[PDB]
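Residue-level listing of the chains:
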Amino acid sequence: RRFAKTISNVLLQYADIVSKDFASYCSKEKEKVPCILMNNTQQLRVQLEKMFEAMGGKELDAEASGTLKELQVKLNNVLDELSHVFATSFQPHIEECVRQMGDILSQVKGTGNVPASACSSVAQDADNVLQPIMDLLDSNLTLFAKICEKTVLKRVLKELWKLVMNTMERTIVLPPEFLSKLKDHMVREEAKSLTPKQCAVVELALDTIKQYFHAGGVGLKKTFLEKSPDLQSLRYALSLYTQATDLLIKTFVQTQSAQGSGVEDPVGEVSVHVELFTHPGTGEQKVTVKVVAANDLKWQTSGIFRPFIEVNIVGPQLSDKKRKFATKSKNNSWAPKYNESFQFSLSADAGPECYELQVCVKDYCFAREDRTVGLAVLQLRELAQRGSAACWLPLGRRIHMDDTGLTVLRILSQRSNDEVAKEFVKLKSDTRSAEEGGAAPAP
Amino acid sequence: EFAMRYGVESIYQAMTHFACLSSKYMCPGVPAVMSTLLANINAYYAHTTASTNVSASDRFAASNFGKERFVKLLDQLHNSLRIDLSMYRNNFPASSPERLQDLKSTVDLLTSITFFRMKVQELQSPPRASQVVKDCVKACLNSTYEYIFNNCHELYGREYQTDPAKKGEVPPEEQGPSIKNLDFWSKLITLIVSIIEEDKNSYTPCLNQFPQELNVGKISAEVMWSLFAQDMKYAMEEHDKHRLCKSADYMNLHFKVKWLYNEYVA
């Protein structure tokens, strides 16, 4: 016990002295020194296991053993931290690289109708795209594979792999400026999607990076790399960029689950009674929507208010179907009753959980434009249990979204000739024309 | 030929083979065979020759298998059946009709054992099969309740959620109760419904042996509501202290609970 403390104190004090200087050695001229310090650390772990076993291993006293097991886990963690601190000094270079990989990939587009330097083979474009990072990787990974002990190397490589995957995801696949250029209002450009050719090229650059990080078994196992959540996330974002309009729309309804649990800063409310009929005549689904009334409409307007309620169904396979209904209008009435019953058809195939009603109140305005007063979403997953529901839907100013709703939306907006996508994008991109009671909601 | 050459009576052979089958009772169809076999072993000792002035239990004490041995055998088996029935959902998944038939025949065997205790052993108060099973069902329902109550989001995500991005592993404290949101309870209700329906639909028809004493859908609804109601009551008390969710949300929850109650419990 007395001696295990000695060991612990000395070896942690070593680990600490190293850890404290470690970052100062992580500069580009001394790459070996961090590797050596990591190897020292790891050599402590190895020599400590020897010493633990020399201290009788399993036959050591329980508190001495506990002390040394503690010490070994702490030292393991020091090595993980050092490996992270080391991998982190490469992050700016990996970001610069991946931005350059992005500058190169911007020149590749949907190249079946573009010149042979960009309808250059999927392989050659992947190699060009990769060149900034492969100058980094080949040299460094081959140096580390030498000078790092195999435990040190694997830890360094995991921290570098993650860093590359995440950097590529952020910098290439989901660049924040594509909020600006077709999620957002900033430019009437088609943004240009990741085109099938740039989806390829990237998927091949990634298989090459994976092979690089695998390094024929000298690096990370193919199994770690394939199961990598970093890679899986990157693949997911990529998969979205080619996905069909209905599948994007289904994905939106299935993912935007939170568009059905309380609008924040409401602009009124709508009483609906809704009857899902798994249509007793067909086994399709039909959705009866009795629009009973609206109430508390924040729209004391500069004129004759003439509210009516648009009801829209949303979900997959609606091109052939009446997506929209509206109530009659009511003059000068912030609490207009309607008692009007509509009947959407869903698809036969997609279940009610693939669909949502979107209920919109609008002021009827000839000569002008019919102003959106507010919007509410009802998820038909709820009705899949309820069968029929009376509910007072609070009305919002805009529909509230996650990254995947906003990603699907910026993807669908690039399909700027698909009429279903156009109407979907238009429909989700409908917000309360602010005035007579206010502009921006809460989520 | 061994038995006929060496005078081994057919009932001994049967009680022996029943003892063999009692080890393999989990295996498909075996509970039906065992139930049948035991109804025959029963019918043999119970009914054969009224001209005797000897009780069925004493005539069974004249068994060359050994009365004791068979009594113990049946008790061990009865216990093994009790155990497996105490996880009947897991051990006899509704996704396998044949396992539902094995469940049915597992109960039919338990009945045949209880009936053998009543008729052959002439026991004055054997643990009533319907009750034994009802307890097993309760035990399973408790474990089911725990399971769903620990796995709520995974289960709900998968089975009902129309956006695939919401199907996954939301935190254990949300696959369980939250003070910040009611959504666990909503989801739990739908899972409770799914379980009660599975019990109503699959397990109640499966377990129709005691229709006047055992309805699995009723017992499921009662236990699941009870467990839920205690938990919900504590949870609502807790929400009443914190009031973090909105009035409307508790109203919606109230509508759902009202509906749940009125649909299955009222």
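Method information in the entry identifies cryo-EM as the source of the structure, with 10 Å recorded as the resolution.

A. Main features of the overall build of chain B. In terms of regular secondary structure, chain B is built from 11 helices and 0 strands. Element order for chain B, N to C, with α for helix and β for strand: α-α-α-α-α-α-α-α-α-α-α. For chain B, the spread of C-alpha atoms along the three principal axes comes to 80 × 35 × 25 Å. In chain B, once contacts between residues fewer than 6 apart in sequence are set aside, the share between residues at least 24 apart is 70%. Carbon and sulfur atoms make up 56% of the accessible area of chain B, which totals about 13200 Å². Computed over 28 positive and 30 negative side-chain charges, the separation of the two mean positions in chain B equals 2 Å.

B. Broad picture of the pattern of salt bridges. Residue and element names in this part refer to chain A. The final tally for this structure, using the stated rule, is 41 salt bridges over all chains. The residue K197 makes a salt bridge to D125 at a minimum N-O spacing of 2.7 Å. Of the two residues, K197 sits in helix α8 (residues 196-214) while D125 sits in helix α5 (residues 122-147), which places them 72 residues apart along the sequence. Among the residues examined, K197 registers a relative accessible area of 11% and is labelled buried. Across the salt bridge formed by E369 and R368, the nearest N and O atoms sit 2.7 Å from each other. Look at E369 and you get partly exposed, because its relative accessible area is 38%. Judged by relative accessible area, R368 falls into the partly exposed class, the value being 46%. Three or more residues joined by partner-sharing salt bridges are found here, namely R368, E369, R371, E435 and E436.

C. Representation of the sheet that holds strand β1 (residues 269-278) of chain A within the structure. All names here are of chain A. Here 4 strands make up an open sheet; going across it, the order is β5-β2-β1-β8 and the pairing antiparallel. Among the strands making up the open sheet, the edge pair consists of β5 (337-345) and β8 (388-394). Across the sheet, the mean angle from the axis of one strand to that of its neighbour is 20°, orientation sign disregarded. Pairing of β1 with β8, which is carried by 7 bridges, proceeds in the antiparallel orientation. Residue pairing for β8: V270 is matched across the bridge by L393.

D. Region of the structure containing the packing of aromatic side chains. Overall, the coordinates contain 29 aromatic pairs over all chains when judged by the stated rule. With a centroid separation of 5.5 Å and 65° between ring planes, the pair formed by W161 of chain A and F213 of chain A is classed as edge-to-face. One end of the pair, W161 of chain A, is in helix α6 (residues 150-173); the other, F213 of chain A, is in helix α8, and 52 residues separate them in sequence. Ring geometry for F325 of chain A versus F344 of chain A: centroids 4.8 Å apart, planes at 75°, classification edge-to-face. One end of the pair, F325 of chain A, is in strand β4 (residues 324-326); the other, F344 of chain A, is in strand β5, and 19 residues separate them in sequence. Grouping residues by exposure puts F325 of chain A and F344 of chain A together as buried. Through pairs of rings, three or more aromatic residues link up here, namely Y12, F18, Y44, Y45, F60, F65, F70 and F116 of chain B. Sitting over the ring of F325 of chain A, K322 of chain A keeps its end group 4.6 Å from the ring centre. Between the NZ or CZ atom of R69 of chain B and the centre of the ring of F65 of chain B, over which it lies, the distance is 3.6 Å.

E. Structural detail: the sheet that holds strand β6 (residues 356-363) of chain A. Residue and element names in this part refer to chain A. Pairing in this open sheet of 4 strands is antiparallel, and the strands run β4-β3-β6-β7 from one edge to the other. Taken across any chain shown, the strands that pair with only one partner, and hence form the sheet edges, are β4 and β7 (371-379). Strand-to-strand twist of the sheet, defined as the mean angle between neighbouring strand axes without regard to direction, takes the value 20°. As paired elements, strand β3 (residues 307-314) and β6 share 8 bridges and run antiparallel to each other. The partner of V311 across the bridge, within β6, is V359. Of the strands in this sheet, β3 and β6 touch helix α14 (residues 419-428), which is tilted by about 130° from β3.

F. Spatial organisation of empty space enclosed by the protein. The tally for this structure, following the rule as stated, stands at 2 cavities of 30 Å³ or more. Size it by volume and the largest cavity reaches roughly 60 Å³. Every residue along the wall of the largest cavity is listed here: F90, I94, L136, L137, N140, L141, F144, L160, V164 and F213 of chain A. Listed by contribution, the elements that provide at least two residues to the lining of the largest cavity are α5 and α6 of chain A. Top contributing element to the lining of the largest cavity by residue count: α5 of chain A, with 5 residues. Estimates place the volume of the second largest cavity at around 30 Å³. Lining the second largest cavity are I192, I196, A221, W225, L260, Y264 and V265 of chain B. Every element with two or more residues in the lining of the second largest cavity is listed here: α9 (183-206), α10 (216-242) and α11 (247-264) of chain B.

G. View of the packing of helix α2 (residues 32-54) of chain A against helix α3 (residues 62-89) of chain A. All names here are of chain A. Running from N to C, α2 and α3 point in directions that differ by 165°, and their axes come no closer than 10 Å. In terms of axis orientation, α2 runs roughly antiparallel to α3. Relative to α3, α2 is oriented so that their crossing is left-handed. Each of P34, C35, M38, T41, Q42, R45, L48, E49 and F52 in α2 lies in contact with α3, whose residues at this interface are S65, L68, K69, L71, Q72, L75, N76, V78, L79, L82, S83 and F86. Here the contact of α2 with α3 is built from residues that sort into 12 nonpolar, 6 polar and 3 charged.

H. Seen up close, helix α4 (residues 91-105) of chain A. All names here are of chain A. With 15 residues, α4 ought to run about 21 Å at 1.5 Å a step, and its terminal C-alpha atoms sit 20 Å apart, in line with that. Among all positions of α4, only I94, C97, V98, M101 and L105 are buried. The buried residues of α4 all sit within an arc of 95° when viewed along its axis, so they share a single face. Buried residues along α4 sit against α5, α6 and α8.

I. Inspection of the nonpolar core at higher detail. All names here are of chain A. Counting 86 residues, the largest nonpolar core has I133, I209 and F213 as its most contacted members. The leading source of residues in this core is α6, at 12 residues. If sequence neighbours within four positions are ignored, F213 has contacts with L137, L157, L160, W161, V164, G219, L220 and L225.

J. Main features of the interface of chain A and chain B. Contacts between the two partners involve 19 residues from chain A, matched on the other side by 11 residues from chain B. Between chain A and chain B, the buried area comes to about 1200 Å², and carbon and sulfur atoms account for 41% of it. When the area that chain A buries against chain B is broken down by residue, the three leading residues are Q254, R381 and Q385 of chain A, summing to 48%. Where chain A meets chain B, there are 2 salt bridges. The salt bridge involving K246 of chain B is made with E264 of chain A; its shortest N-O contact spans 1.5 Å. The tally of links from chain A across to chain B stands at 11 residue pairs in polar contact.

Cut-offs applied
Residues numbered from 1 in each chain as written, not as in the entry; some residues may be left out. Chains lettered and ligands numbered in written order. Part of a larger assembly, values for the part shown. Heavy atoms only, no water. Helix = DSSP H or I, 4+ residues; strand = E, 2+ residues; numbered from the N terminus. Contact = heavy atoms within 4.5 Å. Areas by Shrake-Rupley, 256 points an atom, 1.4 Å probe, with all protein chains shown as cover. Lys, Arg positive; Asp, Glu negative; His and termini not counted. Charge placed at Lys NZ, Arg CZ, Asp CG, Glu CD. Salt bridge = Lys/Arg side-chain N within 4 Å of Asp/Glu carboxyl O. Buried < 20%, exposed > 50% of the residue type's maximum accessible area, 1.4 Å probe, protein only. Pairing = 2+ DSSP bridges. Axes fitted to C-alpha atoms, helices over the stretch in contact; angles between N-to-C directions. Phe/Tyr/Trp six-rings, centres within 6.5 Å; stacked < 30°, edge-to-face > 60°. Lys NZ or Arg CZ within 6 Å of the ring centre and 35° of its normal. 1 Å grid on protein atoms, 1.4 Å probe; cavity = no way out; pocket = protein on both sides within 12 Å on 5 of 7 lines; lining within 4 Å. Points joined across faces, edges and corners; volume = space filled by probe spheres on them. Parallel < 35°, antiparallel > 145°, perpendicular 65-115°, else oblique. Left-handed = near helix turned anticlockwise from the far one by under 90°. Nonpolar A, V, L, I, M, F, W, Y, C, P; charged D, E, K, R; others polar. Expected span 1.5 Å × (residues − 1). Arc of directions from axis to C-beta. Core = buried A, V, L, I, M, F, W, Y, C linked by side-chain atoms within 4.5 Å. Buried area = accessible area lost by both parts, 1.4 Å probe. Polar contact = N/O pair within 3.5 Å; in protein donor to acceptor, adjacent residues only side chain to side chain.

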